[PDB]
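Take a look at this single chain in structure tokens; it is the form deposited in one PDB entry.
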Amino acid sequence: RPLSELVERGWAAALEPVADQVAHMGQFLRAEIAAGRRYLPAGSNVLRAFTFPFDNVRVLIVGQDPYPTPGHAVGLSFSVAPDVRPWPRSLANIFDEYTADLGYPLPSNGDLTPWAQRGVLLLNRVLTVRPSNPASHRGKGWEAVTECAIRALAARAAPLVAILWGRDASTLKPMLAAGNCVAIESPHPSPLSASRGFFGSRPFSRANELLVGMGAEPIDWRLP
């Protein structure tokens, strides 16, 4: 399939250099199913972050790998469907930092689509996972795809702030070395890393200050 059937057109053009790799991934995923190994999120959600316009991305959030529990991952990093409770621990931790930083009430639900509609790309370094097996698709080929995505964003040379959560930060910063790009890092919001530096990192206000510094408009982070 042409990438234009799977992703928004700006993203299809940006990712055309890795189109074969995306096709390779689809073959991998189908072979996993044939071998009895499922993946998450749903196939139609794998590339969901790339269905919001490439040309509108102002903030890139980059996590590690999708939630491994069935019913959680939706193809926007960290997000869940609006009916999901309890929220996953990483998301609950994100929302505590959100209230600490911004002073807003806790969100009504775990659905981050408003951020995606507002120019926040909710990416992961690796775009699939086998259920119950954290990080199990590492090294399977997503990395080249997400490197192309990140570099293509950087190459726009439009104001961009990248928020890097977790162990990929040192790998990803060189990909964001470009005019009008700034990368800020912390430990990941997961259960056993959040209290080692995620909390207190204030990414939402920081990203807005960095955007304004560059002459861009800040993100309205307010969730319903």
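Residues that one form lacks are left out of the comparison. The first residue of the sequence shown is number 1, and the count goes up from there. We call the rigid core whatever largest set of C-alpha positions still superposes within 1.5 Å between the two forms.
The discussion below concerns the form deposited in another entry, not included here.
Considering 191, 70, 174, 26, one residue stands apart with a C-alpha shift of at least 2 Å between this form and the one not shown following superposition on the core, and it is 191. A change of 3 Å or more separates the two forms for residue 179 and residue 22: their C-alpha atoms lie closer together in that other deposited form. Relative to the shown form, the CA atoms of residue 195 and residue 133 are pushed 3 Å or more farther apart in that other deposited form.
178 to 196 is the sole run of three or more consecutive shared residues whose C-alphas all shift by 2 Å or more between this form and the one not shown after the rigid core is superposed.
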